[PDB]
file target.cif (mmCIF, C-alpha atoms)
data_run
loop_
_atom_site.group_PDB
_atom_site.id
_atom_site.type_symbol
_atom_site.label_atom_id
_atom_site.label_comp_id
_atom_site.auth_asym_id
_atom_site.auth_seq_id
_atom_site.Cartn_x
_atom_site.Cartn_y
_atom_site.Cartn_z
ATOM 1 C CA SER A 273 -225.463 -172.807 -20.224
ATOM 2 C CA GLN A 274 -228.117 -173.315 -22.915
ATOM 3 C CA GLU A 275 -231.509 -171.560 -22.333
ATOM 4 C CA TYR A 276 -234.583 -173.630 -23.351
ATOM 5 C CA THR A 277 -238.204 -172.563 -23.618
ATOM 6 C CA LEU A 278 -240.519 -175.015 -21.888
ATOM 7 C CA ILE A 279 -244.040 -175.087 -23.324
ATOM 8 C CA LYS A 280 -247.034 -176.329 -21.327
ATOM 9 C CA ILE A 281 -248.318 -179.325 -23.228
ATOM 10 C CA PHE A 282 -251.726 -180.108 -21.746
ATOM 11 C CA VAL A 283 -253.332 -183.558 -21.826
ATOM 12 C CA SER A 284 -256.753 -183.642 -23.584
ATOM 13 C CA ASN A 285 -258.031 -186.936 -22.082
ATOM 14 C CA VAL A 286 -257.242 -186.721 -18.453
ATOM 15 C CA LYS A 287 -259.402 -189.679 -17.564
ATOM 16 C CA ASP A 288 -257.251 -191.913 -19.808
ATOM 17 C CA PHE A 289 -254.206 -190.339 -18.134
ATOM 18 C CA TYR A 290 -255.677 -191.358 -14.737
ATOM 19 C CA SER A 291 -256.070 -194.994 -16.015
ATOM 20 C CA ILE A 292 -252.407 -194.972 -17.094
ATOM 21 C CA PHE A 293 -251.451 -193.518 -13.677
ATOM 22 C CA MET A 294 -253.315 -196.135 -11.643
ATOM 23 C CA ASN A 295 -252.107 -198.960 -13.906
ATOM 24 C CA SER A 296 -248.535 -197.826 -13.002
ATOM 25 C CA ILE A 297 -249.293 -197.611 -9.292
ATOM 26 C CA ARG A 298 -250.657 -201.121 -9.367
ATOM 27 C CA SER A 299 -247.701 -202.516 -11.392
ATOM 28 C CA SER A 300 -245.171 -201.015 -9.056
ATOM 29 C CA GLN A 301 -246.980 -202.271 -5.927
ATOM 30 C CA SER A 302 -247.030 -205.749 -7.518
ATOM 31 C CA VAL A 303 -243.373 -205.865 -8.592
ATOM 32 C CA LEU A 304 -242.295 -204.516 -5.161
ATOM 33 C CA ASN A 305 -244.487 -207.009 -3.242
ATOM 34 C CA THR A 361 -238.439 -196.033 -6.505
ATOM 35 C CA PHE A 362 -241.689 -195.454 -8.489
ATOM 36 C CA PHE A 363 -243.379 -192.914 -6.128
ATOM 37 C CA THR A 364 -242.689 -191.148 -2.855
ATOM 38 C CA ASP A 365 -244.001 -193.400 -0.058
ATOM 39 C CA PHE A 366 -246.917 -192.208 2.043
ATOM 40 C CA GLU A 367 -246.194 -192.009 5.765
ATOM 41 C CA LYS A 368 -248.407 -193.516 8.475
ATOM 42 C CA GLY A 369 -250.887 -190.616 8.851
ATOM 43 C CA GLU A 370 -250.925 -189.584 5.162
ATOM 44 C CA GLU A 371 -253.708 -191.848 3.984
ATOM 45 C CA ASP A 372 -256.076 -188.899 3.293
ATOM 46 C CA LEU A 373 -253.354 -187.479 0.988
ATOM 47 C CA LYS A 374 -253.041 -190.825 -0.764
ATOM 48 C CA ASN A 375 -256.850 -191.026 -1.150
ATOM 49 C CA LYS A 376 -256.881 -187.476 -2.597
ATOM 50 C CA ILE A 377 -254.099 -188.135 -5.169
ATOM 51 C CA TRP A 378 -255.166 -191.688 -6.199
ATOM 52 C CA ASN A 379 -258.559 -190.383 -7.246
ATOM 53 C CA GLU A 380 -260.107 -189.432 -10.547
ATOM 54 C CA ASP A 381 -260.945 -185.947 -9.110
ATOM 55 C CA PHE A 382 -257.238 -185.236 -8.734
ATOM 56 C CA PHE A 383 -256.645 -185.506 -12.502
ATOM 57 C CA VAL A 384 -260.047 -184.185 -13.699
ATOM 58 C CA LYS A 385 -260.987 -181.449 -11.178
ATOM 59 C CA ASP A 386 -258.102 -180.605 -8.875
ATOM 60 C CA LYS A 387 -254.941 -180.373 -11.097
ATOM 61 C CA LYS A 388 -253.955 -179.714 -14.737
ATOM 62 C CA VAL A 389 -251.839 -182.476 -16.298
ATOM 63 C CA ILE A 390 -248.997 -180.943 -18.243
ATOM 64 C CA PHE A 391 -246.028 -182.415 -20.200
ATOM 65 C CA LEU A 392 -243.168 -179.919 -20.129
ATOM 66 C CA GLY A 393 -242.054 -179.717 -23.780
ATOM 67 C CA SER A 394 -238.592 -178.259 -24.451
ATOM 68 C CA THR A 395 -237.628 -176.220 -27.544
ATOM 69 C CA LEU A 396 -234.866 -173.977 -28.833
ATOM 70 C CA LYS A 397 -237.232 -172.660 -31.453
ATOM 71 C CA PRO A 398 -240.318 -171.313 -29.558
ATOM 72 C CA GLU A 399 -241.346 -169.220 -32.594
ATOM 73 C CA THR A 400 -242.321 -172.518 -34.332
ATOM 74 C CA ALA A 401 -244.811 -173.582 -31.610
ATOM 75 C CA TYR A 402 -247.870 -172.608 -33.774
ATOM 76 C CA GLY A 403 -246.853 -175.414 -36.183
ATOM 77 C CA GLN A 404 -246.663 -178.153 -33.559
ATOM 78 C CA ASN A 405 -248.412 -181.331 -34.885
ATOM 79 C CA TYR A 406 -247.261 -183.944 -32.369
ATOM 80 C CA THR A 407 -245.461 -184.303 -29.051
ATOM 81 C CA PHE A 408 -242.401 -186.522 -28.906
ATOM 82 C CA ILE A 409 -241.267 -188.637 -25.949
ATOM 83 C CA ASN A 410 -238.590 -191.250 -25.505
ATOM 84 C CA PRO A 411 -240.603 -194.508 -25.308
ATOM 85 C CA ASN A 412 -237.782 -196.475 -23.638
ATOM 86 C CA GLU A 413 -237.089 -194.115 -20.703
ATOM 87 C CA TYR A 414 -238.841 -193.274 -17.473
ATOM 88 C CA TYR A 415 -240.679 -190.012 -16.948
ATOM 89 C CA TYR A 416 -241.534 -188.509 -13.588
ATOM 90 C CA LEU A 417 -244.792 -186.943 -12.402
ATOM 91 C CA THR A 418 -244.454 -184.105 -9.871
ATOM 92 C CA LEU A 419 -246.585 -181.172 -8.702
ATOM 93 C CA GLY A 420 -245.511 -177.609 -9.541
ATOM 94 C CA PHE A 421 -246.450 -174.023 -9.948
ATOM 95 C CA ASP A 422 -248.304 -172.375 -12.808
ATOM 96 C CA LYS A 423 -246.096 -169.279 -12.527
ATOM 97 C CA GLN A 424 -242.416 -169.388 -11.495
ATOM 98 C CA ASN A 436 -239.853 -173.495 -2.007
ATOM 99 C CA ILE A 437 -239.196 -176.201 0.604
ATOM 100 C CA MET A 438 -242.702 -177.493 1.408
ATOM 101 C CA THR A 439 -244.450 -180.338 3.184
ATOM 102 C CA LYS A 440 -246.439 -182.862 1.188
ATOM 103 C CA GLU A 441 -249.668 -181.204 2.308
ATOM 104 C CA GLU A 442 -248.352 -177.744 1.369
ATOM 105 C CA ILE A 443 -247.413 -179.000 -2.149
ATOM 106 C CA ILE A 444 -250.838 -180.505 -2.655
ATOM 107 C CA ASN A 445 -252.465 -177.255 -1.456
ATOM 108 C CA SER A 446 -250.271 -174.892 -3.442
ATOM 109 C CA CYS A 447 -249.222 -176.505 -6.749
ATOM 110 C CA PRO A 448 -252.016 -176.649 -9.379
ATOM 111 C CA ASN A 449 -250.194 -178.612 -12.113
ATOM 112 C CA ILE A 450 -249.028 -182.183 -12.432
ATOM 113 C CA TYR A 451 -245.864 -181.958 -14.530
ATOM 114 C CA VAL A 452 -244.400 -184.804 -16.531
ATOM 115 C CA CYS A 453 -240.619 -184.527 -17.126
ATOM 116 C CA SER A 454 -237.317 -186.332 -17.067
ATOM 117 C CA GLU A 455 -235.270 -187.073 -13.937
ATOM 118 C CA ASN A 456 -232.581 -184.837 -15.462
ATOM 119 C CA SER A 457 -234.822 -181.779 -15.293
ATOM 120 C CA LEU A 458 -236.032 -182.109 -11.702
ATOM 121 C CA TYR A 459 -233.582 -180.173 -9.653
ATOM 122 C CA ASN A 460 -233.169 -177.574 -12.445
ATOM 123 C CA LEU A 461 -236.894 -177.059 -12.337
ATOM 124 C CA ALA A 462 -236.791 -176.598 -8.555
ATOM 125 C CA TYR A 463 -233.897 -174.094 -8.864
ATOM 126 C CA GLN A 464 -236.045 -172.183 -11.462
ATOM 127 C CA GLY A 465 -239.017 -172.070 -9.032
ATOM 128 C CA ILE A 466 -241.189 -174.268 -11.264
ATOM 129 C CA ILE A 467 -241.503 -177.138 -8.754
ATOM 130 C CA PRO A 468 -240.968 -177.281 -4.981
ATOM 131 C CA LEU A 469 -238.618 -179.386 -2.883
ATOM 132 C CA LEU A 470 -240.174 -181.705 -0.295
ATOM 133 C CA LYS A 471 -239.304 -181.643 3.457
ATOM 134 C CA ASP A 524 -236.332 -184.584 -1.858
ATOM 135 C CA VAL A 525 -238.686 -183.955 -4.821
ATOM 136 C CA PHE A 526 -242.282 -185.224 -4.288
ATOM 137 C CA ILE A 527 -242.790 -187.928 -6.934
ATOM 138 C CA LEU A 528 -246.314 -189.023 -7.738
ATOM 139 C CA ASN A 529 -245.267 -191.653 -10.249
ATOM 140 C CA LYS A 530 -242.532 -192.788 -12.618
ATOM 141 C CA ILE A 531 -243.794 -194.098 -15.965
ATOM 142 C CA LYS A 532 -242.011 -195.432 -19.092
ATOM 143 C CA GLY A 533 -242.657 -193.164 -22.057
ATOM 144 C CA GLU A 534 -244.151 -195.977 -24.155
ATOM 145 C CA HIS A 535 -247.239 -195.840 -21.950
ATOM 146 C CA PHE A 536 -248.021 -192.290 -23.003
ATOM 147 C CA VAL A 537 -247.703 -192.922 -26.734
ATOM 148 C CA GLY A 538 -251.029 -192.085 -28.423
ATOM 149 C CA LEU A 539 -252.308 -189.706 -25.724
ATOM 150 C CA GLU A 540 -253.793 -186.550 -27.152
ATOM 151 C CA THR A 541 -252.106 -183.280 -26.084
ATOM 152 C CA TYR A 542 -252.388 -179.593 -26.961
ATOM 153 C CA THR A 543 -250.807 -176.217 -26.195
ATOM 154 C CA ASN A 544 -252.362 -172.725 -26.119
ATOM 155 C CA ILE A 545 -250.168 -171.775 -29.075
ATOM 156 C CA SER A 546 -250.693 -174.641 -31.533
ATOM 157 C CA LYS A 547 -252.901 -174.163 -34.599
ATOM 158 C CA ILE A 548 -254.354 -177.688 -34.068
ATOM 159 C CA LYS A 549 -255.216 -179.296 -30.735
ATOM 160 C CA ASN A 550 -254.826 -183.049 -31.455
ATOM 161 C CA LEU A 551 -251.144 -183.397 -30.801
ATOM 162 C CA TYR A 552 -250.692 -187.078 -30.252
ATOM 163 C CA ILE A 553 -247.699 -188.328 -28.300
ATOM 164 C CA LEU A 554 -245.296 -190.158 -30.623
ATOM 165 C CA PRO A 555 -242.087 -192.104 -29.875
ATOM 166 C CA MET A 556 -238.655 -190.622 -30.668
ATOM 167 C CA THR A 557 -235.829 -192.883 -29.426
ATOM 168 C CA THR A 558 -233.113 -190.274 -30.178
ATOM 169 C CA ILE A 559 -234.327 -187.940 -27.391
ATOM 170 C CA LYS A 560 -231.362 -187.626 -25.001
ATOM 171 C CA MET A 561 -232.288 -188.021 -21.352
ATOM 172 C CA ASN A 562 -229.508 -185.710 -20.212
ATOM 173 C CA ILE A 563 -230.970 -182.726 -22.131
ATOM 174 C CA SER A 564 -233.733 -180.580 -20.568
ATOM 175 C CA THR A 565 -237.045 -182.373 -19.878
ATOM 176 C CA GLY A 566 -236.812 -185.127 -22.512
ATOM 177 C CA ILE A 567 -240.182 -184.083 -24.140
ATOM 178 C CA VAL A 568 -240.117 -182.161 -27.362
ATOM 179 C CA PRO A 569 -242.693 -180.491 -29.602
ATOM 180 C CA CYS A 570 -242.851 -182.029 -33.056
ATOM 181 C CA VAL A 571 -242.858 -179.284 -35.705
ATOM 182 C CA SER A 572 -242.366 -181.362 -38.817
ATOM 183 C CA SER A 573 -242.519 -178.434 -41.234
ATOM 184 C CA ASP A 574 -239.652 -176.527 -39.651
ATOM 185 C CA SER A 575 -237.347 -179.175 -38.200
ATOM 186 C CA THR A 576 -235.544 -181.855 -40.197
ATOM 187 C CA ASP A 577 -235.239 -184.239 -37.248
ATOM 188 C CA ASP A 578 -238.993 -183.879 -36.501
ATOM 189 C CA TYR A 579 -239.765 -184.376 -40.164
ATOM 190 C CA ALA A 580 -237.506 -187.435 -40.282
ATOM 191 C CA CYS A 581 -239.084 -189.094 -37.256
ATOM 192 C CA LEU A 582 -242.654 -188.461 -38.404
ATOM 193 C CA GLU A 583 -241.742 -189.793 -41.881
ATOM 194 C CA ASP A 584 -240.272 -193.031 -40.358
ATOM 195 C CA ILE A 585 -243.426 -193.507 -38.280
ATOM 196 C CA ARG A 586 -245.619 -193.003 -41.325
ATOM 197 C CA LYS A 587 -243.481 -195.287 -43.489
ATOM 198 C CA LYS A 588 -243.437 -198.071 -40.863
ATOM 199 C CA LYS A 589 -247.003 -197.456 -39.691
ATOM 200 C CA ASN A 590 -247.614 -201.221 -39.251
ATOM 201 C CA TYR A 591 -244.650 -201.524 -36.819
ATOM 202 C CA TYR A 592 -245.802 -198.462 -34.882
ATOM 203 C CA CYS A 593 -249.553 -199.152 -34.712
ATOM 204 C CA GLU A 594 -248.816 -202.820 -33.751
ATOM 205 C CA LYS A 595 -246.312 -201.853 -31.026
ATOM 206 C CA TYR A 596 -248.025 -198.786 -29.486
ATOM 207 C CA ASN A 597 -251.522 -197.508 -28.820
ATOM 208 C CA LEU A 598 -251.487 -195.747 -32.247
ATOM 209 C CA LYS A 599 -253.848 -195.862 -35.230
ATOM 210 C CA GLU A 600 -253.114 -194.932 -38.857
ATOM 211 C CA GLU A 601 -255.652 -192.124 -38.694
ATOM 212 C CA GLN A 602 -253.664 -190.379 -35.933
ATOM 213 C CA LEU A 603 -250.598 -190.029 -38.186
ATOM 214 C CA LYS A 604 -251.984 -187.466 -40.651
ATOM 215 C CA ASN A 605 -251.611 -184.166 -38.748
ATOM 216 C CA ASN A 606 -250.273 -181.237 -40.813
ATOM 217 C CA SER A 607 -247.617 -178.895 -39.394
ATOM 218 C CA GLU A 608 -248.159 -175.303 -40.505
ATOM 219 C CA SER A 609 -244.680 -173.968 -41.488
ATOM 220 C CA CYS A 610 -243.721 -170.926 -39.407
ATOM 221 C CA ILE A 611 -240.428 -170.028 -41.150
ATOM 222 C CA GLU A 612 -239.451 -169.321 -44.743
ATOM 223 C CA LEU A 613 -235.862 -169.106 -45.971
ATOM 224 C CA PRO A 614 -235.060 -166.828 -48.894
ATOM 225 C CA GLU A 615 -234.698 -168.835 -52.155
ATOM 226 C CA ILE A 616 -235.849 -172.055 -50.368
ATOM 227 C CA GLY A 617 -239.365 -171.132 -49.126
ATOM 228 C CA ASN A 618 -241.196 -172.687 -46.223
ATOM 229 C CA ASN A 619 -241.216 -176.351 -45.088
ATOM 230 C CA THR A 620 -237.493 -176.206 -44.682
ATOM 231 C CA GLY A 621 -237.458 -179.359 -42.536
ATOM 232 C CA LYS A 622 -238.535 -181.440 -45.528
ATOM 233 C CA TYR A 623 -236.278 -179.417 -47.880
ATOM 234 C CA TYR A 624 -233.088 -180.338 -45.878
ATOM 235 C CA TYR A 625 -234.288 -183.910 -45.241
ATOM 236 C CA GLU A 626 -234.414 -184.389 -49.032
ATOM 237 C CA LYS A 627 -231.407 -182.314 -50.099
ATOM 238 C CA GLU A 628 -229.033 -183.902 -47.507
ATOM 239 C CA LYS A 629 -230.419 -187.396 -48.256
ATOM 240 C CA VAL A 630 -231.380 -188.163 -44.654
ATOM 241 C CA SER A 631 -232.028 -191.892 -44.382
ATOM 242 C CA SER A 632 -233.907 -192.082 -41.079
ATOM 243 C CA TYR A 633 -234.451 -190.110 -37.859
ATOM 244 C CA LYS A 634 -231.447 -191.992 -36.457
ATOM 245 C CA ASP A 635 -229.091 -190.946 -39.317
ATOM 246 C CA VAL A 636 -225.743 -189.817 -37.790
ATOM 247 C CA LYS A 637 -225.658 -186.801 -40.080
ATOM 248 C CA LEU A 638 -228.901 -185.333 -38.622
ATOM 249 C CA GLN A 639 -227.242 -183.729 -35.641
ATOM 250 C CA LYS A 640 -225.128 -181.519 -37.991
ATOM 251 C CA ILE A 641 -228.081 -180.869 -40.333
ATOM 252 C CA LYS A 642 -230.128 -179.822 -37.251
ATOM 253 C CA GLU A 643 -227.388 -177.452 -36.060
ATOM 254 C CA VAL A 644 -226.881 -175.871 -39.544
ATOM 255 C CA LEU A 645 -230.632 -175.414 -40.131
ATOM 256 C CA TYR A 646 -231.105 -173.930 -36.654
ATOM 257 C CA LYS A 647 -228.463 -171.225 -37.318
ATOM 258 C CA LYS A 648 -229.760 -170.560 -40.832
ATOM 259 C CA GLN A 649 -233.378 -170.103 -39.733
ATOM 260 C CA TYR A 650 -232.252 -167.879 -36.842
ATOM 261 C CA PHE A 651 -230.115 -165.561 -38.939
ATOM 262 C CA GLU A 652 -231.987 -165.666 -42.239
ATOM 263 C CA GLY A 653 -235.516 -166.890 -41.602
ATOM 264 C CA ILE A 654 -238.705 -164.842 -42.070
ATOM 265 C CA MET A 655 -241.797 -165.693 -40.007
ATOM 266 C CA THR A 656 -244.920 -166.734 -41.932
ATOM 267 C CA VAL A 657 -247.556 -167.050 -39.118
ATOM 268 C CA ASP A 658 -249.486 -164.737 -36.821
ATOM 269 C CA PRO A 659 -248.685 -162.738 -34.873
ATOM 270 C CA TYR A 660 -245.226 -162.512 -36.560
ATOM 271 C CA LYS A 661 -245.984 -162.337 -40.284
ATOM 272 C CA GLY A 662 -243.040 -160.774 -42.179
ATOM 273 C CA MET A 663 -240.895 -160.419 -39.072
ATOM 274 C CA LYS A 664 -237.423 -161.840 -39.056
ATOM 275 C CA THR A 665 -236.969 -165.072 -37.134
ATOM 276 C CA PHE A 666 -234.006 -163.489 -35.413
ATOM 277 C CA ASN A 667 -236.267 -160.931 -33.711
ATOM 278 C CA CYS A 668 -239.246 -163.319 -33.295
ATOM 279 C CA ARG A 669 -237.192 -165.813 -31.242
ATOM 280 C CA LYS A 670 -236.983 -163.159 -28.494
ATOM 281 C CA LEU A 671 -240.591 -161.958 -28.770
ATOM 282 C CA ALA A 672 -242.011 -165.490 -28.741
ATOM 283 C CA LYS A 673 -240.013 -166.296 -25.587
ATOM 284 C CA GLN A 674 -241.415 -163.094 -24.028
ATOM 285 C CA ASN A 675 -245.031 -163.833 -25.070
ATOM 286 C CA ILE A 676 -244.963 -167.459 -24.001
ATOM 287 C CA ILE A 677 -243.661 -166.532 -20.529
ATOM 288 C CA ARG A 678 -245.942 -163.501 -20.147
ATOM 289 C CA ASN A 679 -249.057 -165.557 -21.104
ATOM 290 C CA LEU A 680 -248.084 -168.324 -18.641
ATOM 291 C CA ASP A 681 -247.847 -170.806 -21.550
ATOM 292 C CA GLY A 682 -244.361 -171.847 -20.536
ATOM 293 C CA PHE A 683 -241.072 -171.119 -18.753
ATOM 294 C CA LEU A 684 -237.473 -170.254 -19.383
ATOM 295 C CA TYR A 685 -235.148 -173.096 -18.312
ATOM 296 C CA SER A 686 -231.341 -173.522 -18.014
ATOM 297 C CA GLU A 687 -229.127 -176.397 -16.849
#

call {"tool": "encode", "arguments": {"input": "target.cif", "output": "structure tokens"}}
result
Amino acid sequence: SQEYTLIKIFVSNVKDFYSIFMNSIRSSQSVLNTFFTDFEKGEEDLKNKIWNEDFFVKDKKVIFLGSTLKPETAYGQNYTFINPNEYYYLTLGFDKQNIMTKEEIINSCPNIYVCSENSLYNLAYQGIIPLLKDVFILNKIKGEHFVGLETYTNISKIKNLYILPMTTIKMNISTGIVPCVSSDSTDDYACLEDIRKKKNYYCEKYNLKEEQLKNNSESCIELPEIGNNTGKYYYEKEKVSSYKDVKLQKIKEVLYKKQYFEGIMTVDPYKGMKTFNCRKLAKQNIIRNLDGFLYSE
């Protein structure tokens, strides 16, 4: 049972998120002339409350639930990765970690979470989302539609963390949304490098512009005799060919263990602390500050 740290990844432009939301509602009503929980006969006021700009701008926070095994690197986050080819679910949940009626969920849950199907019942077991009297689904949206949205966390140095596509995200692991920390992760580095290299493919295919692809990731971890920016260092040394290179999984596992046992933190509030210790503190601080959750499956 692997423990993950979920980080609250807030959406900057909630009105654009609302456009995406209503575009999806309309598409699904058209095709079905499984995307959202149906509204019952006397629930029109609920429908009118949810399908409303106020719901996304005033009433609720819109939050992608990012999953990481390296929470100590969150200050360096430069992008948010999503699987563009898979469906993500929108569901209401709690800000702090529950069989409830639709009305009760609307009245009690301040956050709209975006996450994979895989995560849903795990989240409910963790007390992060309620069960409906079986999960209340506001929408189901392919990841491609979120590519280019601006996100941020309360930990990240920068606040323009665009959503980028990563097709190697496995839908059976956690929430299927991951923080991009390109300085400190070879897979993140690899994916960002492929996007940059094939910027014409990516900006043609998705709602992405060249100028969005230049965000720096502040390295949080130095390795003795290597230095910082270890993601790039192992990308280059192991001759990684792309973010879909079969050897990455092993490189990712080796680098994870090496940073954990040997890394030194290079960012506030952890400067000079060993990564081994910081892993635990960062989990503590993130949870205590209500910036995220512990999650198991």

call {"tool": "resolve_selection", "arguments": {"input": "target.cif", "expression": "the PyMOL selection byres ((chain A and resi 448) around 8)", "output": "tab-separated table (two decimals) with C-alpha atoms, keeping the file's coordinate frame"}}
result
chain	number	residue	atom	x	y	z
A	386	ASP	CA	-258.10	-180.60	-8.88
A	387	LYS	CA	-254.94	-180.37	-11.10
A	388	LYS	CA	-253.96	-179.71	-14.74
A	419	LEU	CA	-246.58	-181.17	-8.70
A	420	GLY	CA	-245.51	-177.61	-9.54
A	421	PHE	CA	-246.45	-174.02	-9.95
A	422	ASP	CA	-248.30	-172.38	-12.81
A	444	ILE	CA	-250.84	-180.50	-2.66
A	445	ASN	CA	-252.46	-177.26	-1.46
A	446	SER	CA	-250.27	-174.89	-3.44
A	447	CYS	CA	-249.22	-176.50	-6.75
A	449	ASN	CA	-250.19	-178.61	-12.11
A	450	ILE	CA	-249.03	-182.18	-12.43

call {"tool": "atom_distance", "arguments": {"input": "target.cif", "atom1": "CA of residue 657 (chain A)", "atom2": "CA of residue 279 (chain A)"}}
result
18.1 Å

call {"tool": "atom_distance", "arguments": {"input": "target.cif", "atom1": "CA of residue 540 (chain A)", "atom2": "CA of residue 566 (chain A)"}}
result
17.7 Å

call {"tool": "closest_residue", "arguments": {"input": "target.cif", "among": "A:571, A:453, A:638, A:603", "to": "residue 552 (chain A)", "atoms": "all atoms listed in the file"}}
result
A:603

call {"tool": "resolve_selection", "arguments": {"input": "target.cif", "expression": "the PyMOL selection byres ((chain A and resi 679) around 12)", "output": "short mmCIF file (atom, residue, chain, number, x, y, z; two decimals) with C-alpha atoms, in the frame of the given file"}}
result
data_model
loop_
_atom_site.label_atom_id
_atom_site.label_comp_id
_atom_site.auth_asym_id
_atom_site.auth_seq_id
_atom_site.Cartn_x
_atom_site.Cartn_y
_atom_site.Cartn_z
CA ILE A 279 -244.04 -175.09 -23.32
CA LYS A 280 -247.03 -176.33 -21.33
CA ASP A 422 -248.30 -172.38 -12.81
CA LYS A 423 -246.10 -169.28 -12.53
CA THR A 543 -250.81 -176.22 -26.20
CA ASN A 544 -252.36 -172.72 -26.12
CA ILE A 545 -250.17 -171.78 -29.08
CA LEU A 671 -240.59 -161.96 -28.77
CA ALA A 672 -242.01 -165.49 -28.74
CA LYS A 673 -240.01 -166.30 -25.59
CA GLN A 674 -241.42 -163.09 -24.03
CA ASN A 675 -245.03 -163.83 -25.07
CA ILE A 676 -244.96 -167.46 -24.00
CA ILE A 677 -243.66 -166.53 -20.53
CA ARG A 678 -245.94 -163.50 -20.15
CA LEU A 680 -248.08 -168.32 -18.64
CA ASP A 681 -247.85 -170.81 -21.55
CA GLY A 682 -244.36 -171.85 -20.54
CA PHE A 683 -241.07 -171.12 -18.75
#

call {"tool": "atom_distance", "arguments": {"input": "target.cif", "atom1": "CA of residue 373 (chain A)", "atom2": "CA of residue 290 (chain A)"}}
result
16.4 Å
